[PDB]
Amino acid sequence: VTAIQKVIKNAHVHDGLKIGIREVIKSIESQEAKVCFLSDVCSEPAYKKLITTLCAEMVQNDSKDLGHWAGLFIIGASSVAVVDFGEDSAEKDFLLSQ
């Protein structure tokens, strides 16, 4: 769980985070979103279904936590989509391997 925060920070630093539903969807529909952090605790789980199917063609808990991790200082995030990353080594070699 602590291996995600670093990645998010790196993404923030090097400009490429599609944060919040529609943007995430757009990123997915095209070869840009290289990893998708979504959530479990939602409403309707229709969102979740949409995400999963799109991925198929990480999961994780809660929205507030995601918002905190994302650039909001804190409105509900729902889903994040990372492009570019911006660095290597340390805790990216863990999470990716896992």
# chains A, B, ... in the order shown; residues from 1 in each chain; ligands from 1
$ select_by_dssp --residues "chain A" --states "helix (DSSP H, G or I)" --output "PyMOL selection string"
chain A and resi 2-14+22-28+46-56+64-69+92-97
$ select_by_dssp --residues "chain A" --states "strand (DSSP E)" --output "PyMOL selection string"
chain A and resi 17-19+35-37+80-82
$ closest_atom_pairs --of "region 65-98 of chain A" --to "region 6-21 of chain A" --cutoff "6 Å" --atoms "only C-alpha atoms" --output "CSV"
residue,atom,partner,partner_atom,distance
A:77,CA,A:20,CA,5.4
A:79,CA,A:20,CA,5.3
A:80,CA,A:19,CA,4.5
A:81,CA,A:18,CA,4.9
A:82,CA,A:17,CA,4.9
A:83,CA,A:16,CA,4.9
A:84,CA,A:16,CA,5.8
A:85,CA,A:11,CA,4.8
A:86,CA,A:14,CA,5.4
$ residues_around --residues "residue 53 (chain A)" --least-positions-apart "5" --cutoff "12 Å" --atoms "only C-alpha atoms" --output "number ranges by chain"
A: 25, 28-29, 46-48
$ residues_around --residues "residue 96 (chain A)" --least-positions-apart "6" --cutoff "12 Å" --atoms "only C-alpha atoms" --output "PDB file with C-alpha atoms, in the first residue's frame"
ATOM      1  CA  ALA A   3       4.462   1.513  -2.736  1.00  0.00           C
ATOM      2  CA  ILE A   4       1.601   3.417  -4.500  1.00  0.00           C
ATOM      3  CA  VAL A   7       4.410   6.370  -7.698  1.00  0.00           C
ATOM      4  CA  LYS A  34      -0.298   2.229 -18.140  1.00  0.00           C
ATOM      5  CA  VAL A  35      -1.772   1.396 -14.692  1.00  0.00           C
ATOM      6  CA  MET A  58      -5.212  -2.685  -8.957  1.00  0.00           C
ATOM      7  CA  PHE A  85       5.381   7.672 -14.164  1.00  0.00           C
ATOM      8  CA  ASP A  88      12.395   4.129 -11.497  1.00  0.00           C
ATOM      9  CA  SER A  89      13.914   2.014  -8.637  1.00  0.00           C
ATOM     10  CA  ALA A  90      13.085   1.549  -4.902  1.00  0.00           C
TER      11      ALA A  90
END
$ residues_around --residues "region 62-73 of chain A" --least-positions-apart "3" --cutoff "7 Å" --atoms "only C-alpha atoms" --output "short mmCIF file (atom, residue, chain, number, x, y, z; two decimals) with N, CA and C atoms, in the first residue's frame"
data_model
loop_
_atom_site.label_atom_id
_atom_site.label_comp_id
_atom_site.auth_asym_id
_atom_site.auth_seq_id
_atom_site.Cartn_x
_atom_site.Cartn_y
_atom_site.Cartn_z
N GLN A 5 1.99 5.38 -3.13
CA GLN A 5 2.10 6.80 -2.82
C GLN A 5 3.27 7.42 -3.56
N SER A 39 -11.13 1.94 -6.90
CA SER A 39 -11.54 1.74 -5.50
C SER A 39 -12.52 0.57 -5.36
N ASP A 40 -12.81 0.20 -4.11
CA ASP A 40 -13.83 -0.81 -3.78
C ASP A 40 -15.14 -0.17 -3.29
N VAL A 41 -15.03 0.75 -2.34
CA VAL A 41 -16.20 1.39 -1.72
C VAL A 41 -16.76 2.49 -2.64
N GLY A 76 -13.93 13.54 -3.10
CA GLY A 76 -13.86 12.12 -3.47
C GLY A 76 -13.31 11.86 -4.87
N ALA A 77 -12.32 10.97 -4.95
CA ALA A 77 -11.57 10.72 -6.19
C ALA A 77 -12.23 9.70 -7.12
N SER A 78 -12.81 8.65 -6.55
CA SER A 78 -13.33 7.49 -7.29
C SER A 78 -12.21 6.68 -7.96
#
$ closest_residue --among "A:75, A:59, A:95, A:54" --to "residue 26 (chain A)" --atoms "only C-alpha atoms"
A:54
$ decode --residues "region 30-42 of chain A" --atoms "N, CA, C and O atoms" --output "PDB file, in the first residue's frame"
ATOM      1  N   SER A  30      -7.684   4.336 -25.405  1.00  0.00           N
ATOM      2  CA  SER A  30      -6.422   4.811 -26.021  1.00  0.00           C
ATOM      3  C   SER A  30      -5.268   4.191 -25.219  1.00  0.00           C
ATOM      4  O   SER A  30      -5.447   3.825 -24.055  1.00  0.00           O
ATOM      5  N   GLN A  31      -4.087   4.087 -25.826  1.00  0.00           N
ATOM      6  CA  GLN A  31      -2.944   3.398 -25.200  1.00  0.00           C
ATOM      7  C   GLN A  31      -2.044   4.362 -24.411  1.00  0.00           C
ATOM      8  O   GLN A  31      -0.871   4.563 -24.745  1.00  0.00           O
ATOM      9  N   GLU A  32      -2.618   4.932 -23.349  1.00  0.00           N
ATOM     10  CA  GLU A  32      -1.957   5.940 -22.515  1.00  0.00           C
ATOM     11  C   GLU A  32      -1.864   5.496 -21.052  1.00  0.00           C
ATOM     12  O   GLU A  32      -0.771   5.469 -20.481  1.00  0.00           O
ATOM     13  N   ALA A  33      -3.013   5.166 -20.457  1.00  0.00           N
ATOM     14  CA  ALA A  33      -3.084   4.694 -19.066  1.00  0.00           C
ATOM     15  C   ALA A  33      -2.363   3.354 -18.886  1.00  0.00           C
ATOM     16  O   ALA A  33      -2.894   2.302 -19.251  1.00  0.00           O
ATOM     17  N   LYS A  34      -1.158   3.411 -18.317  1.00  0.00           N
ATOM     18  CA  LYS A  34      -0.298   2.229 -18.140  1.00  0.00           C
ATOM     19  C   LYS A  34      -0.575   1.449 -16.843  1.00  0.00           C
ATOM     20  O   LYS A  34      -0.176   0.288 -16.727  1.00  0.00           O
ATOM     21  N   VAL A  35      -1.235   2.088 -15.874  1.00  0.00           N
ATOM     22  CA  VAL A  35      -1.772   1.396 -14.692  1.00  0.00           C
ATOM     23  C   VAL A  35      -2.961   2.182 -14.117  1.00  0.00           C
ATOM     24  O   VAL A  35      -2.962   3.416 -14.145  1.00  0.00           O
ATOM     25  N   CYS A  36      -3.964   1.457 -13.613  1.00  0.00           N
ATOM     26  CA  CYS A  36      -5.219   2.054 -13.125  1.00  0.00           C
ATOM     27  C   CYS A  36      -5.492   1.722 -11.654  1.00  0.00           C
ATOM     28  O   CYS A  36      -5.810   0.573 -11.312  1.00  0.00           O
ATOM     29  N   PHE A  37      -5.357   2.737 -10.799  1.00  0.00           N
ATOM     30  CA  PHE A  37      -5.756   2.650  -9.394  1.00  0.00           C
ATOM     31  C   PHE A  37      -7.226   3.066  -9.306  1.00  0.00           C
ATOM     32  O   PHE A  37      -7.572   4.212  -9.619  1.00  0.00           O
ATOM     33  N   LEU A  38      -8.080   2.128  -8.892  1.00  0.00           N
ATOM     34  CA  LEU A  38      -9.521   2.361  -8.740  1.00  0.00           C
ATOM     35  C   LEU A  38      -9.874   2.249  -7.241  1.00  0.00           C
ATOM     36  O   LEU A  38      -8.997   2.471  -6.401  1.00  0.00           O
ATOM     37  N   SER A  39     -11.130   1.939  -6.900  1.00  0.00           N
ATOM     38  CA  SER A  39     -11.542   1.736  -5.501  1.00  0.00           C
ATOM     39  C   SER A  39     -12.524   0.569  -5.359  1.00  0.00           C
ATOM     40  O   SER A  39     -13.000   0.024  -6.357  1.00  0.00           O
ATOM     41  N   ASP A  40     -12.807   0.198  -4.109  1.00  0.00           N
ATOM     42  CA  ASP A  40     -13.829  -0.810  -3.777  1.00  0.00           C
ATOM     43  C   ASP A  40     -15.135  -0.169  -3.292  1.00  0.00           C
ATOM     44  O   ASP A  40     -16.215  -0.514  -3.779  1.00  0.00           O
ATOM     45  N   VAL A  41     -15.031   0.755  -2.336  1.00  0.00           N
ATOM     46  CA  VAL A  41     -16.202   1.392  -1.717  1.00  0.00           C
ATOM     47  C   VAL A  41     -16.764   2.488  -2.637  1.00  0.00           C
ATOM     48  O   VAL A  41     -16.243   3.606  -2.674  1.00  0.00           O
ATOM     49  N   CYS A  42     -17.820   2.141  -3.377  1.00  0.00           N
ATOM     50  CA  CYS A  42     -18.482   3.042  -4.332  1.00  0.00           C
ATOM     51  C   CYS A  42     -20.006   2.992  -4.145  1.00  0.00           C
ATOM     52  O   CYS A  42     -20.497   2.422  -3.165  1.00  0.00           O
TER      53      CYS A  42
END
